[PDB]
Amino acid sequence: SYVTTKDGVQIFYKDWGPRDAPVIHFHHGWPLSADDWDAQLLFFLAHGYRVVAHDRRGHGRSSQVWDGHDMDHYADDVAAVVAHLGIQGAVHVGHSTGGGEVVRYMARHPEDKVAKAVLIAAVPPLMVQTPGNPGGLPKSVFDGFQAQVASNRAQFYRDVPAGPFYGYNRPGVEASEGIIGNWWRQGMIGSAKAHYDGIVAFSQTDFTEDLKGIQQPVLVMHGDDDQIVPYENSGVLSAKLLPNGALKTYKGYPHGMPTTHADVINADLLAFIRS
């Protein structure tokens, strides 16, 4: 299904389950799509929820609009989906870049009384280095990623999931070509332009302010061996800044743990949601 945003973007989304069942809205990471949530969507459907997941603008099946690739637009696009379906008050779950999107959404759209939120290996508070965040990674790494997206996206989208994303580069770890390919697939159908700007969006946006204002219960799930988003600089700090945040640490887990450790993550996610 599709919804047209205020600025004319076509946002694709999946909406499964009873119309009146409690809702969980899932927000995917960079440079993926709603297809990255298969395991979670089926698990929560089987546990009584209506599940919704949309493709970020320029990602997956959503329109490849060339501009507006920043957290504020991402958040407003979320607002469009929510209002379109009338799913205000839903629980919002965000992975990686999607976690930033969730936080920014809960910050600029308080009119939507979101029940609870879950940040899984999310980018907040900030990934880039600034005088306020000296622990932020150097742009050179991000600028480099943008160069890869611009000059060899097809291979770069193989390298990321085949190496650091799922921890398949660790010793004794058996890689899954299906999982690698699906990551790659979701990336290739998206816009190179949206993904290019998207790196600035998830790496150079400061969510410190937003985290401090969120009063709802928020669970932060982070693997201590996350090679893409810093466990301490992002996860631990995020849980600390959130007034009602709680941290859930997973030893040795990778960035893509919701896929490679679906059972564990889903069970813990459900426990938190049911309070």
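Residue numbers here begin at 1 and follow the sequence given.
Set 105-113 against 176-184 and average the Cα temperature factors; 105-113 ends up higher. Taking only CA atoms, the mean B-factor in the PDB entry is higher for 245-253 than for the other of 245-253 and 38-46. In this structure the maximum Cα B-factor among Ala192, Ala79, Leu119, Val128 is found at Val128. As recorded in the entry, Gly132 carries the highest CA temperature factor of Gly132, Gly89, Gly198, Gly99. Sort the modelled residues of the chain by CA B factor and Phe207 lands in the highest third.
Per the deposited record, the Cα B-factor of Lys240 falls in the highest third when ranked against the other modelled residues of its chain. The entry lists a Cα temperature factor for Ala154 that places it in the lowest third of the chain's modelled residues. Per the PDB record, residue ranking by Cα B-factor puts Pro217 in the middle third of the chain. Among the modelled residues of the chain, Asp15 sits in the lowest third by CA temperature factor in this PDB entry.
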